[PDB]
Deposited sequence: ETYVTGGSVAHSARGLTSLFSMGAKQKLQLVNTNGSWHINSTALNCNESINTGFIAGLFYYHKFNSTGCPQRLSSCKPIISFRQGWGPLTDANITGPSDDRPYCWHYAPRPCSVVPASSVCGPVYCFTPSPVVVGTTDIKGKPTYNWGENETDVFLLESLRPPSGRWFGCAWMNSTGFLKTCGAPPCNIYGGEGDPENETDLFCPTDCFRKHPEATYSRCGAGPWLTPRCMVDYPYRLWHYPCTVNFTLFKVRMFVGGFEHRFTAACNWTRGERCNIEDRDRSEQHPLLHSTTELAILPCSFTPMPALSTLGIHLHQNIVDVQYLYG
């Protein structure tokens, strides 16, 4: 029986919190719109502060109406559905319309250009893999010079790869509540019935050296897991039932620590093929056990010998002292 050990779940991270008793009044739920399913931007208070939003997100564990989530997720595809990859990595050039639904893990985003704040609700979050909130600055003073009309207080991202730039990718919701994200260009794995995956994340199984550092652009680390943040439910609704884990990145020489959620349920077949590469480093460094991402592994060989040692039934464990 496949299960985890260190998997923390925030589904019932509450008790006797009935002071608000109803979603702190900004109830969130999905609504269809001409065959498209986005969040109900109408009620959906928008001008909250960081503390108010954090309080609002604390109460959001139970009242989320799981009705449109499956048919909305029908657009997303597993990593198997794509085709193989080979050759040296090349940076893709995303241009023109992008019909694909951005909430899928395998969505290739556009470069993170300037964006006015008149068409965004809630904070915008960039991912130097840990998440960071991004502020703004007035548009009248600088020569950006009125992208829209009499607008103000405009966001700007303009970041390269985090080893050189500032963040991998950023995400938010636009004024009508639809998810909007951008990031660094992803990797093309073919230039140098199925569809051609453009690898916005660590596509290890479909390409061997397409690591997150080289290819990752966005909150997705693996096709199964992602980096969590207070507005994760705010942006992506369907990831509510995920389970949390602690992650240590070590990106670009600097040290990064955060938490990650995963689309993991007990009993999933995870024999040998459903393992994805991800780069963790030990948090305690001792006890020879590593709480690594479920259905995954790390390129850190064992103490005495090499060869990744992983358990039959519990997948979050990485073994040392082989």
Inset, instruction - Just jot down which stretches of the deposited chain sequence have no CA coordinates, in the order they come. - result: 193 to 197
